[PDB]
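One structure is given below, encoded as structure tokens.
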Amino acid sequence: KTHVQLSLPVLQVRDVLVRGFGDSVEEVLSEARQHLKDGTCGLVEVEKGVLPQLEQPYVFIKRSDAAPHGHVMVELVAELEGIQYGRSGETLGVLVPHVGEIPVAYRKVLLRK
């Protein structure tokens, strides 16, 4: 399937134990996709002071279309020192590994895979 229905656990930034996916744009995008497939991917909603508490490169999920079954359609865009690799709509948040942190909510998305 080109798209996969996922419910992503929304984590508070100060709870997150592993604050990024790796060390290159290509690695974070690869790791993000692997974790999304394995259901070990969390989502941190971006606000003032959230991104400086996480590790670059960042992986964003961004709205790719204006929402089957409640699931917003999203795609991945990485960012490293202010350059984004990808072009998409509004940020739904930043992806991080999930290693058992208690979520505050769940974000139903349809991931272009």
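Going by the structure tokens order, chains are called A, B, ..., each with residues numbered from 1, while ligands are numbered from 1 in the order shown.
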For this session: Pick out each residue of chain A that DSSP on the backbone tags as alpha helix (DSSP H); I need them as a VMD selection string.
Result: chain A and resid 25 to 38
Shell around residue 57 (chain A) at 10 Å using only C-alpha atoms, local window under 2 positions removed, as a PDB file with N, CA, C and O atoms, in the first residue's frame:
ATOM      1  N   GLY A  20      16.194  12.163  18.765  1.00  0.00           N
ATOM      2  CA  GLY A  20      16.254  12.169  17.292  1.00  0.00           C
ATOM      3  C   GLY A  20      16.495  10.783  16.758  1.00  0.00           C
ATOM      4  O   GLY A  20      16.656   9.850  17.583  1.00  0.00           O
ATOM      5  N   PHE A  21      16.555  10.661  15.434  1.00  0.00           N
ATOM      6  CA  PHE A  21      16.619   9.376  14.697  1.00  0.00           C
ATOM      7  C   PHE A  21      18.046   9.074  14.204  1.00  0.00           C
ATOM      8  O   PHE A  21      18.326   7.944  13.807  1.00  0.00           O
ATOM      9  N   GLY A  22      18.955  10.037  14.236  1.00  0.00           N
ATOM     10  CA  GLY A  22      20.320   9.810  13.735  1.00  0.00           C
ATOM     11  C   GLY A  22      20.978  11.099  13.302  1.00  0.00           C
ATOM     12  O   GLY A  22      20.569  12.175  13.777  1.00  0.00           O
ATOM     13  N   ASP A  23      21.985  10.976  12.437  1.00  0.00           N
ATOM     14  CA  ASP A  23      23.047  11.999  12.278  1.00  0.00           C
ATOM     15  C   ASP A  23      23.064  12.592  10.870  1.00  0.00           C
ATOM     16  O   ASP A  23      23.796  13.542  10.701  1.00  0.00           O
ATOM     17  N   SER A  24      22.317  12.050   9.910  1.00  0.00           N
ATOM     18  CA  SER A  24      22.227  12.594   8.530  1.00  0.00           C
ATOM     19  C   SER A  24      20.757  12.721   8.153  1.00  0.00           C
ATOM     20  O   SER A  24      19.934  12.027   8.761  1.00  0.00           O
ATOM     21  N   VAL A  25      20.442  13.608   7.211  1.00  0.00           N
ATOM     22  CA  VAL A  25      19.066  13.750   6.645  1.00  0.00           C
ATOM     23  C   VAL A  25      18.616  12.365   6.179  1.00  0.00           C
ATOM     24  O   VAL A  25      17.473  11.963   6.456  1.00  0.00           O
ATOM     25  N   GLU A  26      19.471  11.651   5.456  1.00  0.00           N
ATOM     26  CA  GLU A  26      19.067  10.357   4.857  1.00  0.00           C
ATOM     27  C   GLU A  26      18.816   9.346   5.991  1.00  0.00           C
ATOM     28  O   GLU A  26      17.922   8.481   5.847  1.00  0.00           O
ATOM     29  N   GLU A  27      19.600   9.417   7.072  1.00  0.00           N
ATOM     30  CA  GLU A  27      19.481   8.415   8.164  1.00  0.00           C
ATOM     31  C   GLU A  27      18.199   8.665   8.950  1.00  0.00           C
ATOM     32  O   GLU A  27      17.503   7.688   9.227  1.00  0.00           O
ATOM     33  N   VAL A  28      17.900   9.915   9.305  1.00  0.00           N
ATOM     34  CA  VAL A  28      16.705  10.227  10.138  1.00  0.00           C
ATOM     35  C   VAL A  28      15.446   9.829   9.358  1.00  0.00           C
ATOM     36  O   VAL A  28      14.531   9.259   9.981  1.00  0.00           O
ATOM     37  N   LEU A  29      15.399  10.106   8.049  1.00  0.00           N
ATOM     38  CA  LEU A  29      14.239   9.749   7.186  1.00  0.00           C
ATOM     39  C   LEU A  29      14.079   8.230   7.133  1.00  0.00           C
ATOM     40  O   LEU A  29      12.940   7.761   7.254  1.00  0.00           O
ATOM     41  N   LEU A  54      15.256  19.149  20.986  1.00  0.00           N
ATOM     42  CA  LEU A  54      15.398  17.901  20.198  1.00  0.00           C
ATOM     43  C   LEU A  54      16.686  17.983  19.393  1.00  0.00           C
ATOM     44  O   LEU A  54      17.256  19.068  19.346  1.00  0.00           O
ATOM     45  N   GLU A  55      17.125  16.851  18.840  1.00  0.00           N
ATOM     46  CA  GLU A  55      18.378  16.726  18.065  1.00  0.00           C
ATOM     47  C   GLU A  55      18.090  16.830  16.565  1.00  0.00           C
ATOM     48  O   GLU A  55      17.166  16.167  16.074  1.00  0.00           O
ATOM     49  N   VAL A  59      12.886  15.286  11.793  1.00  0.00           N
ATOM     50  CA  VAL A  59      11.891  14.743  10.831  1.00  0.00           C
ATOM     51  C   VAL A  59      10.533  15.310  11.210  1.00  0.00           C
ATOM     52  O   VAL A  59      10.056  15.008  12.318  1.00  0.00           O
ATOM     53  N   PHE A  60       9.925  16.074  10.298  1.00  0.00           N
ATOM     54  CA  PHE A  60       8.537  16.580  10.434  1.00  0.00           C
ATOM     55  C   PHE A  60       7.602  15.638   9.685  1.00  0.00           C
ATOM     56  O   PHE A  60       8.000  15.110   8.626  1.00  0.00           O
ATOM     57  N   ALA A  78      12.611  16.243   6.324  1.00  0.00           N
ATOM     58  CA  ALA A  78      13.749  16.434   7.253  1.00  0.00           C
ATOM     59  C   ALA A  78      14.269  17.867   7.154  1.00  0.00           C
ATOM     60  O   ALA A  78      14.132  18.505   6.058  1.00  0.00           O
ATOM     61  N   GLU A  79      14.870  18.343   8.248  1.00  0.00           N
ATOM     62  CA  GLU A  79      15.520  19.671   8.322  1.00  0.00           C
ATOM     63  C   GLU A  79      16.856  19.560   9.072  1.00  0.00           C
ATOM     64  O   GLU A  79      16.914  18.871  10.133  1.00  0.00           O
ATOM     65  N   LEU A  80      17.882  20.229   8.540  1.00  0.00           N
ATOM     66  CA  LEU A  80      19.263  20.288   9.087  1.00  0.00           C
ATOM     67  C   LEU A  80      19.822  21.677   8.784  1.00  0.00           C
ATOM     68  O   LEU A  80      19.878  22.042   7.576  1.00  0.00           O
ATOM     69  N   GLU A  81      20.222  22.393   9.837  1.00  0.00           N
ATOM     70  CA  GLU A  81      20.712  23.798   9.808  1.00  0.00           C
ATOM     71  C   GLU A  81      19.880  24.607   8.811  1.00  0.00           C
ATOM     72  O   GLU A  81      20.503  25.278   7.938  1.00  0.00           O
ATOM     73  N   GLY A  82      18.543  24.531   8.940  1.00  0.00           N
ATOM     74  CA  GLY A  82      17.595  25.474   8.315  1.00  0.00           C
ATOM     75  C   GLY A  82      17.235  25.104   6.890  1.00  0.00           C
ATOM     76  O   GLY A  82      16.420  25.830   6.276  1.00  0.00           O
ATOM     77  N   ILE A  83      17.784  24.004   6.382  1.00  0.00           N
ATOM     78  CA  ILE A  83      17.459  23.491   5.023  1.00  0.00           C
ATOM     79  C   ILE A  83      16.563  22.254   5.167  1.00  0.00           C
ATOM     80  O   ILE A  83      16.963  21.323   5.869  1.00  0.00           O
ATOM     81  N   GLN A  84      15.408  22.248   4.494  1.00  0.00           N
ATOM     82  CA  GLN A  84      14.427  21.130   4.480  1.00  0.00           C
ATOM     83  C   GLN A  84      14.609  20.303   3.206  1.00  0.00           C
ATOM     84  O   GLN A  84      14.943  20.870   2.152  1.00  0.00           O
TER      85      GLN A  84
END
If you count only C-alpha atoms, which residues fall within 12 Å of residue 108 (chain A), apart from same-chain ones fewer than 3 positions away, as a JSON list (two decimals) with N, CA and C atoms, in the first residue's frame?
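To be explicit, this is the file written out as selection-v3.json:
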[["chain", "number", "residue", "atom", "x", "y", "z"],
["A", 4, "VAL", "N", -0.53, 4.22, 4.66],
["A", 4, "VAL", "CA", -0.74, 3.35, 5.85],
["A", 4, "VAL", "C", -1.35, 4.21, 6.96],
["A", 5, "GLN", "N", -2.46, 3.73, 7.52],
["A", 5, "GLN", "CA", -3.18, 4.35, 8.66],
["A", 5, "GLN", "C", -2.37, 4.08, 9.92],
["A", 6, "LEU", "N", -2.01, 5.14, 10.63],
["A", 6, "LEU", "CA", -1.23, 5.04, 11.89],
["A", 6, "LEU", "C", -1.88, 5.96, 12.91],
["A", 7, "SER", "N", -1.88, 5.53, 14.17],
["A", 7, "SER", "CA", -2.19, 6.35, 15.37],
["A", 7, "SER", "C", -0.87, 6.59, 16.13],
["A", 8, "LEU", "N", -0.34, 7.81, 16.06],
["A", 8, "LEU", "CA", 0.99, 8.15, 16.63],
["A", 8, "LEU", "C", 0.80, 8.68, 18.04],
["A", 9, "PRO", "N", 1.50, 8.11, 19.06],
["A", 9, "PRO", "CA", 1.43, 8.63, 20.43],
["A", 9, "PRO", "C", 2.07, 10.02, 20.51],
["A", 10, "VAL", "N", 1.33, 11.00, 21.02],
["A", 10, "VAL", "CA", 1.83, 12.40, 21.14],
["A", 10, "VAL", "C", 2.58, 12.50, 22.47],
["A", 42, "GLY", "N", 7.00, 8.19, 17.96],
["A", 42, "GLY", "CA", 6.13, 9.17, 18.64],
["A", 42, "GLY", "C", 6.14, 10.49, 17.90],
["A", 43, "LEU", "N", 5.31, 11.42, 18.34],
["A", 43, "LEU", "CA", 5.11, 12.73, 17.69],
["A", 43, "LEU", "C", 5.13, 13.80, 18.77],
["A", 61, "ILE", "N", 6.40, 15.44, 10.22],
["A", 61, "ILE", "CA", 5.22, 15.05, 9.41],
["A", 61, "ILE", "C", 4.47, 16.33, 9.06],
["A", 63, "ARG", "N", 1.17, 18.00, 6.56],
["A", 63, "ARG", "CA", -0.11, 17.72, 5.87],
["A", 63, "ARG", "C", 0.14, 17.76, 4.36],
["A", 67, "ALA", "N", -9.10, 13.85, 4.55],
["A", 67, "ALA", "CA", -8.63, 13.16, 5.77],
["A", 67, "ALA", "C", -9.40, 11.85, 5.94],
["A", 68, "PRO", "N", -9.07, 10.81, 5.14],
["A", 68, "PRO", "CA", -9.81, 9.55, 5.17],
["A", 68, "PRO", "C", -9.91, 8.94, 6.58],
["A", 69, "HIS", "N", -11.13, 8.63, 7.02],
["A", 69, "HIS", "CA", -11.43, 7.86, 8.26],
["A", 69, "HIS", "C", -10.97, 8.63, 9.52],
["A", 70, "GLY", "N", -10.85, 9.96, 9.45],
["A", 70, "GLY", "CA", -10.28, 10.83, 10.51],
["A", 70, "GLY", "C", -8.78, 11.06, 10.36],
["A", 71, "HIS", "N", -8.08, 10.15, 9.65],
["A", 71, "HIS", "CA", -6.61, 10.18, 9.41],
["A", 71, "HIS", "C", -6.23, 11.28, 8.42],
["A", 72, "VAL", "N", -5.46, 12.27, 8.89],
["A", 72, "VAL", "CA", -4.86, 13.35, 8.06],
["A", 72, "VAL", "C", -3.74, 12.74, 7.22],
["A", 73, "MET", "N", -3.71, 13.06, 5.93],
["A", 73, "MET", "CA", -2.64, 12.57, 5.02],
["A", 73, "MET", "C", -1.40, 13.43, 5.24],
["A", 74, "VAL", "N", -0.27, 12.78, 5.45],
["A", 74, "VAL", "CA", 1.00, 13.45, 5.81],
["A", 74, "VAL", "C", 2.12, 12.81, 5.00],
["A", 92, "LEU", "N", 2.47, 18.86, 11.39],
["A", 92, "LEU", "CA", 1.63, 18.28, 12.46],
["A", 92, "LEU", "C", 2.50, 18.00, 13.70],
["A", 105, "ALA", "N", -1.89, 12.12, 24.11],
["A", 105, "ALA", "CA", -2.92, 12.02, 23.06],
["A", 105, "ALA", "C", -2.38, 11.13, 21.93],
["A", 111, "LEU", "N", -0.04, 7.90, 6.31],
["A", 111, "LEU", "CA", 1.37, 8.14, 5.90],
["A", 111, "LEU", "C", 1.59, 7.67, 4.47]]
Problem set entry | Best match for closeness to residue 18 (chain A) among A:37, A:48, A:98, A:3, counting only C-alpha atoms | A:98
Problem set entry | Test item, strand (DSSP E or B) assignment across chain A, answer as number ranges by chain | A: 3-10, 41-44, 58-63, 72-80, 83-85, 91-97, 105-112
Print the selection's residues with N, CA and C atoms to a file, as a CSV table (one decimal), in the first residue's frame.
chain,number,residue,atom,x,y,z
A,3,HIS,N,-0.1,4.1,1.1
A,3,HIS,CA,-0.5,4.9,2.3
A,3,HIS,C,-0.9,3.9,3.4
A,4,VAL,N,-0.5,4.2,4.7
A,4,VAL,CA,-0.7,3.4,5.8
A,4,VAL,C,-1.4,4.2,7.0
A,5,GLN,N,-2.5,3.7,7.5
A,5,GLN,CA,-3.2,4.3,8.7
A,5,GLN,C,-2.4,4.1,9.9
A,6,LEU,N,-2.0,5.1,10.6
A,6,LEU,CA,-1.2,5.0,11.9
A,6,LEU,C,-1.9,6.0,12.9
A,7,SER,N,-1.9,5.5,14.2
A,7,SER,CA,-2.2,6.4,15.4
A,7,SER,C,-0.9,6.6,16.1
A,8,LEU,N,-0.3,7.8,16.1
A,8,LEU,CA,1.0,8.1,16.6
A,8,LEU,C,0.8,8.7,18.0
A,9,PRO,N,1.5,8.1,19.1
A,9,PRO,CA,1.4,8.6,20.4
A,9,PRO,C,2.1,10.0,20.5
A,10,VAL,N,1.3,11.0,21.0
A,10,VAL,CA,1.8,12.4,21.1
A,10,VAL,C,2.6,12.5,22.5
A,41,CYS,N,7.3,4.9,16.9
A,41,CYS,CA,7.5,6.3,16.5
A,41,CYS,C,6.5,7.2,17.3
A,42,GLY,N,7.0,8.2,18.0
A,42,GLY,CA,6.1,9.2,18.6
A,42,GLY,C,6.1,10.5,17.9
A,43,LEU,N,5.3,11.4,18.3
A,43,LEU,CA,5.1,12.7,17.7
A,43,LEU,C,5.1,13.8,18.8
A,44,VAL,N,5.9,14.8,18.6
A,44,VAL,CA,6.0,16.0,19.5
A,44,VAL,C,5.5,17.2,18.8
A,58,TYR,N,16.0,17.0,12.2
A,58,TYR,CA,14.6,16.8,12.6
A,58,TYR,C,13.9,16.1,11.4
A,59,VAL,N,12.9,15.3,11.8
A,59,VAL,CA,11.9,14.7,10.8
A,59,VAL,C,10.5,15.3,11.2
A,60,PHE,N,9.9,16.1,10.3
A,60,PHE,CA,8.5,16.6,10.4
A,60,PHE,C,7.6,15.6,9.7
A,61,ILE,N,6.4,15.4,10.2
A,61,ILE,CA,5.2,15.0,9.4
A,61,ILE,C,4.5,16.3,9.1
A,62,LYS,N,4.2,16.5,7.8
A,62,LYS,CA,3.5,17.7,7.2
A,62,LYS,C,2.2,17.2,6.4
A,63,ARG,N,1.2,18.0,6.6
A,63,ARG,CA,-0.1,17.7,5.9
A,63,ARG,C,0.1,17.8,4.4
A,72,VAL,N,-5.5,12.3,8.9
A,72,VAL,CA,-4.9,13.4,8.1
A,72,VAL,C,-3.7,12.7,7.2
A,73,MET,N,-3.7,13.1,5.9
A,73,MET,CA,-2.6,12.6,5.0
A,73,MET,C,-1.4,13.4,5.2
A,74,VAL,N,-0.3,12.8,5.4
A,74,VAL,CA,1.0,13.4,5.8
A,74,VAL,C,2.1,12.8,5.0
A,75,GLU,N,3.2,13.5,4.9
A,75,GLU,CA,4.5,13.0,4.4
A,75,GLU,C,5.6,13.5,5.3
A,76,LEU,N,6.8,12.9,5.1
A,76,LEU,CA,8.0,13.2,5.9
A,76,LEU,C,8.8,14.3,5.2
A,77,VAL,N,9.3,15.3,6.0
A,77,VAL,CA,10.3,16.3,5.5
A,77,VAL,C,11.3,16.5,6.6
A,78,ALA,N,12.6,16.2,6.3
A,78,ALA,CA,13.7,16.4,7.3
A,78,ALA,C,14.3,17.9,7.2
A,79,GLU,N,14.9,18.3,8.2
A,79,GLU,CA,15.5,19.7,8.3
A,79,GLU,C,16.9,19.6,9.1
A,80,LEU,N,17.9,20.2,8.5
A,80,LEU,CA,19.3,20.3,9.1
A,80,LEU,C,19.8,21.7,8.8
A,83,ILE,N,17.8,24.0,6.4
A,83,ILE,CA,17.5,23.5,5.0
A,83,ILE,C,16.6,22.3,5.2
A,84,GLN,N,15.4,22.2,4.5
A,84,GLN,CA,14.4,21.1,4.5
A,84,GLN,C,14.6,20.3,3.2
A,85,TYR,N,14.5,19.0,3.3
A,85,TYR,CA,14.6,18.0,2.2
A,85,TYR,C,13.2,17.4,2.0
A,91,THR,N,3.1,21.6,9.3
A,91,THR,CA,3.7,20.6,10.3
A,91,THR,C,2.7,20.2,11.3
A,92,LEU,N,2.5,18.9,11.4
A,92,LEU,CA,1.6,18.3,12.5
A,92,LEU,C,2.5,18.0,13.7
A,93,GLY,N,3.8,17.9,13.5
A,93,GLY,CA,4.8,17.9,14.6
A,93,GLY,C,6.1,17.2,14.1
A,94,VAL,N,7.0,17.0,15.1
A,94,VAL,CA,8.3,16.4,14.9
A,94,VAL,C,8.3,14.9,15.4
A,95,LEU,N,8.8,14.0,14.6
A,95,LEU,CA,8.9,12.6,14.9
A,95,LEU,C,10.1,12.3,15.8
A,96,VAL,N,10.0,11.4,16.7
A,96,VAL,CA,11.0,10.9,17.6
A,96,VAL,C,10.8,9.4,17.9
A,97,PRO,N,11.8,8.6,18.2
A,97,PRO,CA,11.6,7.3,18.7
A,97,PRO,C,10.7,7.3,19.9
A,105,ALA,N,-1.9,12.1,24.1
A,105,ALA,CA,-2.9,12.0,23.1
A,105,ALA,C,-2.4,11.1,21.9
A,106,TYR,N,-3.2,10.9,20.9
A,106,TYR,CA,-2.9,10.1,19.7
A,106,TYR,C,-3.3,10.9,18.5
A,107,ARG,N,-2.5,11.0,17.5
A,107,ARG,CA,-2.7,11.7,16.2
A,107,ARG,C,-2.8,10.6,15.1
A,108,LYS,N,-4.1,10.5,14.6
A,108,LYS,CA,-4.4,9.6,13.5
A,108,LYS,C,-3.9,10.2,12.2
A,109,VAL,N,-3.0,9.5,11.5
A,109,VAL,CA,-2.5,10.1,10.2
A,109,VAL,C,-2.6,9.0,9.2
A,110,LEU,N,-2.5,9.4,7.9
A,110,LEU,CA,-2.4,8.5,6.7
A,110,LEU,C,-1.0,8.8,6.1
A,111,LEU,N,0.0,7.9,6.3
A,111,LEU,CA,1.4,8.1,5.9
A,111,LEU,C,1.6,7.7,4.5
A,112,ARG,N,1.9,8.6,3.6
A,112,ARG,CA,2.5,8.2,2.2
A,112,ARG,C,3.8,7.4,2.5
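Picture a line from CA of residue 51 (chain A) to CA of residue 34 (chain A); it runs 21.9 Å.
The spacing separating CA of residue 86 (chain A) from CA of residue 64 (chain A) amounts to 11.1 Å.
Taking CA of residue 113 (chain A) and CA of residue 33 (chain A) as the two end points, the separation is 7.8 Å.
Across A:99, A:104, A:13, A:2, the tightest approach to residue 38 (chain A) is made by A:99 when counting only C-alpha atoms.
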Exercise. Nearest to residue 52 (chain A): which of A:88, A:40, A:14, A:31 is it, counting only C-alpha atoms?
Worked result: A:14
